[PDB]
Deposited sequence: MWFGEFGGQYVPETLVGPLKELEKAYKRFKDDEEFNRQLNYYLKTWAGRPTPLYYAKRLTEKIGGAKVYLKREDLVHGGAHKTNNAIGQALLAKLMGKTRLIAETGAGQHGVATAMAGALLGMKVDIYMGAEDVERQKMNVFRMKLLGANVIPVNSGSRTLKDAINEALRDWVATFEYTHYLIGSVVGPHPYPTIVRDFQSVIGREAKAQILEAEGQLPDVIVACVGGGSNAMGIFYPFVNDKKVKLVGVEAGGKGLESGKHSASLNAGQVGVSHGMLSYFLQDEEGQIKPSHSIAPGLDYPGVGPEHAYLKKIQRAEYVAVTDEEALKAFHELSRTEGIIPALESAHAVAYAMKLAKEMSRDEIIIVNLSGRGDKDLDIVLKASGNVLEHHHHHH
């Protein structure tokens, strides 16, 4: 329910029954063998898990510091980590008797992931997406339509992700009987922060096995970009009790932390309640609209488990600017032949700065959360 004080379930009474049913359905099927057989089966044969753990030898040597490894979620079917959570929840939804999946999306990766999982399982799919994000990630919109999903543009309010979430919750109150709300990050009311983190933990578990195989020891640091926090929690979670392993979350610094145009909730937000949770939100009392060049990081909030990890000081949280993200995007494309997602490039940008201060014997794993194909128009205009 809570992580320290953070998290909770601050929702209208209409949503208590649904969320309790989800929580019981989950608690039941969480370790049902037939459920975990089907999940592993689709993750392996349809999604392509396990993803590899790539030693970036040229990047490492150019920096001349720590050994930089990349956990390659860019290679997951769909092109990002989001698919891991989309399969899990859609399978749960199907076993709960639901015939419809709804979801919010910003970058379009979760919307596509939900459409793909929906198409796979023969469920109807309606995706709520802000109009600024529709035009900014147009490829993902046509993919959702081709996958059989319906994309619903939200022009209201700020006309972006925050407002996409508001529309989806409004839908789910009206349709929860047959509709499952497939939330795409470690956000929202309980049980969602826990469910999304659990379905993303596979990343960290693989990466742990893979780095012991490659290097014969645990990594010194793990770096992952933080929007709502799902790819970061996924890779973080199985190393939480390895005290020697530092954990670093990288938020969108946008035009700069002192500019008022970023998405660093943990770094510069205030504690507050929104979308059913207590966590950090950017705010003026009223919640601020955020900015990032990476549309997947463009969310005022952040997941409560990160808010908790920051407070107990288990994880460190930093930021990286738009300019620094774009530079990591080109650096990685040219030096390693991997075109990263702009969200992921934040992680890469900080890992390259951090690698320089660390020694040749030391080890950093970067969660490469997605591929950059969706961002080609953005990087092209930015040029």
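The chain's deposited sequence has unresolved stretches at 285 to 286, 386 to 396, with no C-alpha coordinates there.
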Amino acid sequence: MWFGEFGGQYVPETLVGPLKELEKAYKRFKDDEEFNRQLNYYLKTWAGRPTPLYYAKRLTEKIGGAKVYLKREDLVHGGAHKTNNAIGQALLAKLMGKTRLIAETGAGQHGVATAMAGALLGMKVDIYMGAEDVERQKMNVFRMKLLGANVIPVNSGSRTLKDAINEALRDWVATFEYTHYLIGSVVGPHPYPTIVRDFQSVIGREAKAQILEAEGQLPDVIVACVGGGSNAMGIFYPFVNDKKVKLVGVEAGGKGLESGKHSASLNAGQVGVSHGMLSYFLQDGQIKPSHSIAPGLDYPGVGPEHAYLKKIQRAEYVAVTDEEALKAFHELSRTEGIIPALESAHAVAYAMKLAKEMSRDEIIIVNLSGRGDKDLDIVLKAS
From here on, numbers count along this sequence of modelled residues.
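Comparing 225 to 233 with 267 to 275, the stretch with the higher mean C-alpha B-factor in the PDB entry is 267 to 275. The stretch with the higher mean CA B factor, choosing between 369 to 377 and 356 to 364, is 356 to 364. The residue among 302, 86, 250, 287 whose C-alpha atom has the highest B-factor in the PDB entry is 287.
Within the listed group 322, 33, 331, 343, the record reports its top CA B-factor for 33. In the PDB entry, residue 350 places in the middle third of its chain by CA B-factor. When the CA B factors of the chain's modelled residues are split into thirds, the value for residue 28 lands in the highest one.
When the CA B factors of the chain's modelled residues are split into thirds, the value for residue 51 lands in the lowest one. In the deposited entry, the Cα temperature factor of residue 308 sits in the middle third of values across the chain's modelled residues. Remark: residue 315 belongs to the middle third of its chain, ranked by C-alpha B-factor as recorded.
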